[PDB]
Structure formats: C-alpha cells, structure tokens
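Data first, discussion second: the structure below is written as structure tokens.
Methodologically, a virtual Cβ is constructed for each residue, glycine included, from the backbone with ideal geometry; neighbour enumeration extends over all protein chains shown. Each answer follows from the model by the rule given with it, or from the source it names; none is laboratory data.
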Amino acid sequence: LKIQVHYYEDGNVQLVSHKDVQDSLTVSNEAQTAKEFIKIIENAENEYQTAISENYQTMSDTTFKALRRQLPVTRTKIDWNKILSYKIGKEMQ
Amino acid sequence: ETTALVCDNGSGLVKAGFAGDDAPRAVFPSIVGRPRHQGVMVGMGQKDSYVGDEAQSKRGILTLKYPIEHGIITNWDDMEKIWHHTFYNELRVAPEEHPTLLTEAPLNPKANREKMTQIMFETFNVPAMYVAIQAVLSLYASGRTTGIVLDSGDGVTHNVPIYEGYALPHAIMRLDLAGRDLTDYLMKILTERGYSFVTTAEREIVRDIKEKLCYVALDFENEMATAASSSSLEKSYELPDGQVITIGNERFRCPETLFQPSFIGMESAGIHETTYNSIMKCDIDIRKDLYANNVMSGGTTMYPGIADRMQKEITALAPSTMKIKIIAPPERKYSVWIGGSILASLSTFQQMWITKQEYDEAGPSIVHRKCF
Amino acid sequence: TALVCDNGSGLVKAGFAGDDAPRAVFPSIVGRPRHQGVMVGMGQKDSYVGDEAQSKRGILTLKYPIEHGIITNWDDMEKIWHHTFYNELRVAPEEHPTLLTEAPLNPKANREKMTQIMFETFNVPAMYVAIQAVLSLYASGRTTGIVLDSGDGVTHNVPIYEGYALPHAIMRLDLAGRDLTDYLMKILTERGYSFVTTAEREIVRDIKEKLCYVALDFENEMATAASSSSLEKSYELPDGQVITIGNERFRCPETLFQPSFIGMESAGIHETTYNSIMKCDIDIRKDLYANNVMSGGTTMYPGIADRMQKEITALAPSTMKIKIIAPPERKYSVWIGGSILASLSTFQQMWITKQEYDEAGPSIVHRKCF
Ligand SMILES: Nc1ncnc2c1ncn2[C@@H]1O[C@H](COP(=O)(O)OP(=O)(O)O)[C@@H](O)[C@H]1O
Ligand SMILES: Nc1ncnc2c1ncn2[C@@H]1O[C@H](COP(=O)(O)OP(=O)(O)O)[C@@H](O)[C@H]1O
Ligand SMILES: [Mg+2]
Ligand SMILES: [Mg+2]
C-alpha cells in the first residue's frame, strides 16, 4: 500500500508512505474466496488509514517534540535578561 | 577577600552565616519583645526592646512580636532591628564588605522584595545583594537537579518542581498553613484537658510541647481508636513552674491539620494533594523523575511519622505502576541555608549579583529584572 | 412549545423557543455545606443550586459539574437540569421537546449519556443536540462565516459554509474565562491580595467582568502603566475593603493572545482563527475573512474587536478585506440561534423522538444528529 501527497501553496510539504500486509485466507468456490479477498482488503486498508490519522493526531507531542518542542519544559517563553539563571542550575551534578 | 553572607529570614527563625560553611553560625528566633509592665528599680540598663534569645530569656515580662507573618514582612522597623542584631551582634561583621544573599517564599508581594533591596542598599549598605527562592536552595543542598521540593516552615508551605535546574513556575503552589497555625491549633485543643494558654510567652511553651511530643500517625482513625482504647500513647511534659501536663491524642491531631486543613476551618487540600497537583501540572514525560525525587525541607517536616504517611498518601494518589520515593534528610531543618552557601560559593554566580551601581542607575526595581 | 437549554460550563441559559431573550440565566454550580450546623429552626438543606448557592457561598463549597467543556459530575448535572426544569422555568418536561447544545470536537460518550439521562430520567417527547457556534452564526443572520466561540471552558473556531460546519477546520483551544479567573487570582498576589476559597473565585470573576479590558498594543500599554497611575482602578470588596489594580486589567485577557502566560502550548485566538481560515479552500476564504463573528461572554472585553482586527489584518494578505462582527447580544447568541432553529417549519421532522431511541438505543445521536 503506497500513498504520496505533495502540497506547495506558500512553501513545500511532501508525504511518502508504504505498508506491507501479510495474511491468509481459506480457499473455496469463486464467490466465497472473492468475498474473503475483499474482506481482508477492507480490514487492512481501514486500519492503515485509521492509523495514519491517529499518527497525525499525536505528531506534535511524540515525534515533533523530539526535534523541537513547542514550549520549553518551564512552559514559558525565555526571559532574555536571565540567561545565567538558566545556566547556573546545571552546574551542581 | 569579600566573602558572601547567607541569611535565611524565615517566619520563626533566622539562620545566618558565611558562604562556604556547612552549618549556619547564628540560629535565633525572629522576635522583638517590648516591656508590658513598669520599671521600679533604677540604675540598670532597662532597654526598650529585646531581640532574639534575650527576648526569649525574659519573655515573662515582655510581649513578643514577629515581624514576618506568612512569609511577608509586616513590621519594617522590627526587621531593621532583626537585621542589625544579625549583622552587628550575632555575626560581628560590618555589612559594607560582604555581599548578602537573602531568601524569599514564592508568590510573594513585589513590594516586599523591593523594600528588602532598598533596606539592604541604603541602610545596611552592601556592595551586592541577591534574593533567591527557598525551595531551589533546598534542592541545591539535596544534591539533585530534578525533583519536587516541599518546604514547610513557620509561615508558608510551598511546593516547587525543578527539572534539571529549571524551576517550573506554573506548578509552584503555596499554602499559608505552617507550624504557627499548628501551634495555635494545639493551643486551642489543649483547653479540652483544662490547660489554658493565652499570652504570647505561653505560645512559645506550646511550641516547645509540639516540638517535643507531636508525631504524624500512619492511619489516623486507627490511632484515634487505640488512643481511646488504652492509655499507652499518653506523654507527660513539665512546665517552667514545675507543673506536669499529659497529652494522649493531641500528639497526632496537631499535625493532622497538614493533611486535613478543615480542622482549622480552611478549605484547601492537604500537602499530599498539593504535591500531587504540582506534579500533575508538569509535563507528562518528567513525572517519573519528579515522583522518584520527592524532597522534604523545613522545620514542619520534622515530625517522626511524616515520611511514611506522605508515601502512603502519594502512592494512593499516584498510578499503581509508578515508583514513589520521598527523601527526608536528617539535616533538613537547615537546608535552604546550605544550598544558599553552595550557590554563593560558585564561580558562575558572581555575575548574578545586583551591584550598587546598578541599584543607583535602576532604582529598587532591578530586583524584578535580575532575580527570579 | 419547544424548550431551548444552553448548558454552558459557567452559566445555564434556558427558555422557550420563539422568545427573543432567555428566561432563566443562572450559574451552573452546586454548593454544599462546609461548617457545623447549630440551629434547628432552619431549612437546613444539603445542596444549593444556582443563585441560591451564590447567595449562600460564604458557608458553602462550590462545585462546577462541567470542567473544560466535558461533563465530569453527572449527579450534579442532573441537579442542574432538575432545577432548570422545575424551579427556574416551572415547566413539566413530559410535555415539551427540549433542544440541547454541545461543543464541537467532544467525546461521543458525553452525547450518549446526555441522551440517556434526558430520555430515562427527565422524559421528553423528543430531543435534539446542536453545535453552539453554528447556532451563533444562525442568530447573526448569515449562513457563511467563521465563529469564534469563547465561553467559560472552551474556545472554538468553527467555519460554516452554506449552513454546514467544516469539521476538518474546527480548531479547539482549551482556554476560556475560568482560566482567566484563575490567572487573575494568581496575579493579584503581587499586590498582596490573597484569594483561595471557591467563594472568592466568584469575587475575582466579578472583578474580571467589571474592570479588565484588552490592550491594543501590549508593550506600549505596559510602558504607559509603568509611567503613571492613569490606568489604576479601584474595586470595593463585599466586606468593605478597597483594592486597586493598575496593569492587571490588560495582562489577564492577554492570555487569549499569548496562551503561554498560564503555561499552555497552543497559539492565540488570532493565530487559531487564521489557521481555521487557511485550512479551507481558496474560493471561500474571502467570505470567511469578511464574516468573522464573535460569540460568548469571554468576547465581551471592551478591546477585543479592534485588537483582533489588527492581528488578523497582520496575518492575512494585504488585499483581503477583514470585517469582524461583534453583536451586542453575543452573551446570548447560542440560545437565540437555537430559538430560530427550533421555530423553523421543516425542523419539526428532525426531532429524535422516543420511539426511535427505543428502537435504536443510546447510539442514535451519532446518525440522526450532529
Ligand atoms: N522537631 C520538630 N517537630 C515539629 N516541629 C518543628 C520541629 N522543629 C521545628 N519545628 C517547627 O518549625 C518551625 C520553624 O522551622 P524553620 O523552617 O526551620 O524556620 P522558619 O519557618 O522560620 O524558616 C517552628 O515554628 C517549629 O514549630
Ligand atoms: N463583561 C464581561 N467581560 C469579560 N468577561 C465576561 C463578561 N461577562 C461575562 N464574562 C465571562 O463569560 C463567561 C461565561 O459566558 P457565557 O459564554 O455566556 O457562558 P458559558 O461559558 O457557560 O456558555 C464567564 O466565565 C465570565 O467570566
Ligand atoms: Mg524557612
Ligand atoms: Mg456557551
């Protein structure tokens, strides 16, 4: 399963994604095995799309926070007149 | 060679000394006593006021006043007397050659800090002064960089979470319930057995009773049941006039107000719930290290049952998979002063002082610019 | 006669459909006794609801059943609905269909339990649940625009095109008037005033409703407040004490534009509105920029329209016309829109009746209702 999206209105953003799904099915006459094939296709692609949506839900707290936080751990903006007060607190082991 | 002075001005005690030492040189009560009777013998000293231990020595003929109530200085002339007796009588130094470090409770009025800066710079005129939060100094003395500090003294019980040296200001909580309210509540409940204490000198006696005989129960209802069942929890105390009193269940009802503030009519939650609310107002990925590094500081954390009770209450409030460790050092009565000496003995703190020329240029409002 | 009830996080606005104004506006609080009762020649209840709580709050602990838009206590919400139906409206809920309101982007179990309680305990012939910002746009006489709904628990930015809300552009900020009241309680400690109790929280709420405003330029307002005492205002306490605040009048609503003042990660309401507009298609952005509609009591600060105009003009392209509509009755705008919707002719076949709830269960509200 592959998805590719490009969006370039004022800047640029791209998404590439793929997933490999392996399952098994029983074999019978043509109509029943066709229905089973459609059923496993549905139950794979629905979970893939729902997982993509839930991954977009938690981007700003799990993966984007690992690169740049939205606020520091003090939950406030930096007081630029007190840089040494931030630097002093890490010198005591 | 201009060594710095570390002075902790609590609501009940003054802990003052030199930077670099491991123990405060001067520990004395923050009281001013004035005579309430008339003097009939002439030819003596007979001074109009008494500061510190001399006020406590002749407290029977004096009325006692505290210049600091709930962390806020209310009387400034009495605080002038306290600081003058600190510098010139308890330390024997001239405060023109030593920069000074002072402590303050969080969420205090700004006028208190401005007036402290003003009285340090043009009454006891210092080359430099700094004002610091007490709980971050307790964590500096504890040897950690992350953790939540519960500082409880005579006026203010405050919880401050610090993560890697960063004090987190939106999770700092303050309660105006401390050892003086506990002393007043024990003074009230001592009238059930017939012991009546009224005057300000007898408040010191009730405080001594509280320091010697009170403790925190692990389970309050079982302790009340076993106190009513048997006379095995009673203890006896001797008054200055030789009379003996006995308390059986006032020993654990007095520090139960720290866990149930409704005993004195207050609507606020307990210290355990305040700690849990301070942790829950932090970031979700740092709550493990905050739960593992609970630090207790101050004189009201010196009851000999309080760590196990706080452990039980926090473990009840916390989720079941979390590890809760509560650290109570044996020297936690003086922990703000030790961390203050550690902070004042550092090389990178020497640029953080508020100098005299900066006070002359900016007036008494630079303390909101250079100090947290 | 239909019933329109707006159960907000801080106020309850209920009345009959067709009237132009709500008939019952009362605080959504439950008060319980705190002290020892010593007199026996008295009523001596155990729970006080609404204004009776506010007239007795000095001996009471107050509780809000709704926190941050979602319902935390359901017994207290039952008490609120009982007091609304039987004491403030004097109606019988067995005879009247009842319209209900709900904030967007909410858990579904809240709507499930709302329908279950309204059909099993306060049995109505029919009920319906509507979105508040859509009704606030309906009350303003338009069908296309973006609604900024800021109340007591939530702030929402909802864009509606041709009567349909756009769910992929609904933005939710968890900052409203309760957080502003608590931040004012925090910043009044600098001048020496201590407010701790739940009764004093209402006093600080009254101070915020009476004295605060929104600065046009925050840095210049802080510069002018630190130069002279031309901005200091006085307030008289219930016990006769007089307090004076100088720069807390505009620092408290600045949390709407700088949410980091209380330690929240999200952006201000101007950036939230610009993000809600910018998620839409280009051909409707002109209509959404021209039709900004304010709603709720937290938009009642007397500086918020000009400041919002300045900030959205700064964010938007320079060829775009920005118009912000702040109706003078926007404290009651969800109720008026619900009155308009419930008095429509074709709306009468969109009621969820009791028979369909019997045949479906507590899940019909996700199929027949939005
Ligand atoms: N062992 C003890 N048990 C109970 N209370 C104590 C004990 N030691 C001190 N206290 C209380 O601590 C209060 C002051 O503690 P401390 O924090 O050291 O001073 P301050 O509050 O002035 O900073 C006193 O009022 C006293 O009642
Ligand atoms: N004049 C005013 N200025 C600022 N805020 C106000 C004013 N009047 C009311 N508010 C705020 O509006 C909030 C509730 O408004 P409203 O939206 O009508 O109720 P709800 O939020 O319960 O739906 C209250 O928290 C109150 O603080
Ligand atoms: Mg202290
Ligand atoms: Mg509302």
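Structural remarks
- When the criteria are applied in full, B:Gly298 meets the requirement of being at positive phi and within 16 Å of ligand 1 (Cβ to nearest atom).
- Between C:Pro302, C:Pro238, the distinction of being under 21 Å from the mean Cα position of the chain (by Cα) and within 26 Å of C:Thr189 (Cα to Cα) belongs to C:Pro302 only.
- Just one of the listed residues (A:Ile88, A:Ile38) is more than 14 Å from chain B (Cβ to nearest Cβ) and assigned to a helix (DSSP H, G or I), namely A:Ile38.
- Taking first residues from region C:1-27 that are free of Cβ contacts under 8 Å to residues at least 24 places away in the same chain and partners that are of a type in the set (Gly, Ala, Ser) and surrounded by 20 or more Cβ atoms within 10 Å (Cβ to Cβ), no Cβ contact under 6 Å between residues at least 6 apart in sequence or on separate chains turns up.
Yes or no, residue by residue, for (1) within 16 Å of ligand 3 (Cβ to nearest atom); (2) in a strand (DSSP E or B); (3) without any contact (Cβ under 8 Å) to a residue 40 or more places away in the chain; (4) closer than 26 Å to C:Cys369 by Cβ:
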position: C:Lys286; (1), (2), (3), (4): no, no, yes, no
position: C:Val293; (1), (2), (3), (4): no, yes, no, yes
position: C:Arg307; (1), (2), (3), (4): no, no, no, no
position: C:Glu311; (1), (2), (3), (4): no, no, no, no
position: C:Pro317; (1), (2), (3), (4): no, no, yes, no
position: C:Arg330; (1), (2), (3), (4): no, no, no, yes
position: C:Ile336; (1), (2), (3), (4): no, no, no, yes
position: C:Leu341; (1), (2), (3), (4): no, no, no, yes
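- Entirely in region C:1-110, the strands (runs of 3 or more DSSP E) that have 1 or more residues that are farther than 19 Å from C:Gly151 by Cα: C:3-7, C:11-16, C:30-33, C:60-63, C:98-102
- Among the residues making up region C:18-77, those that are in contact with a strand residue (DSSP E or B) (Cβ under 9 Å, 6 or more places away or on another chain), more than 14 Å from chain B (Cβ to nearest Cβ) and of a type in the set (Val, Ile, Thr) are C:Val25, C:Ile29, C:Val30, C:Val49, C:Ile66, C:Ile71, C:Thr72.
- Neighbours by Cβ (under 6 Å, 6+ apart or cross-chain): first from region C:103-117, among the charged types (D, E, K, R); second more than 16 Å from ligand 4 (Cβ to nearest atom): C:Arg111/C:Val365; C:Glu112/C:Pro362
- Of all residues in region A:55-72, those that are at the interface with another protein chain (Cβ under 7 Å from one of its Cβ atoms) and either outside any loop (DSSP other than H, G, I, E, B) or surrounded by fewer than 15 Cβ atoms within 10 Å (Cβ to Cβ) (or both) total 1.
- Yes/no for A:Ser17 being in contact with a strand residue (DSSP E or B) (Cβ under 8 Å, 6 or more places away or on another chain) and under 30 Å from B:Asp283 (Cβ atoms): yes
- The numbered conditions (1) closer than 24 Å to B:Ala19 by Cα; (2) touching a helix residue (DSSP H, G or I) at 6+ places or on another chain (Cβ under 6 Å) are all true for B:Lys115 except (2).
- Identity of the residue in region C:170-194, surrounded by fewer than 18 Cβ atoms within 10 Å (Cβ to Cβ) and touching a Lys or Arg at 6+ places or on another chain (Cβ under 7 Å), that ends up farthest from C:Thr299 (Cα to Cα): C:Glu190
- Evaluation of B:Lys188 against the conditions (1) basic (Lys, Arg); (2) outside the structural domain of B:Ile286 (by CATH); (3) in contact (Cβ under 8 Å) with a residue 12 or more places away in the chain shows that the sole unmet condition is (3).
Conditions (1) away from ligand 2 (no atom under 16 Å from the Cβ); (2) in a loop (DSSP other than H, G, I, E, B), marked per residue:
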| position | (1), (2) |
| --- | --- |
| C:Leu184 | no, no |
| C:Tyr193 | yes, yes |
| C:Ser234 | yes, no |
| C:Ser260 | yes, no |
| C:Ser266 | yes, yes |
| C:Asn275 | yes, no |
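- Screening B:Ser320, B:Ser278 for residues that are farther than 22 Å from B:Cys214 by Cα and surrounded by 20 or more Cβ atoms within 10 Å (Cβ to Cβ) leaves exactly one candidate, B:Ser278.
- Total residues in region B:164-193, condition touching a strand residue (DSSP E or B) at 6+ places or on another chain (Cβ under 9 Å) and farther than 21 Å from B:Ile271 by Cβ: 2
- Where C:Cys212 falls short, out of the listed (1) touching a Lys or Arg at 6+ places or on another chain (Cβ under 7 Å); (2) within 14 Å of chain A (Cβ to nearest Cβ): (2)
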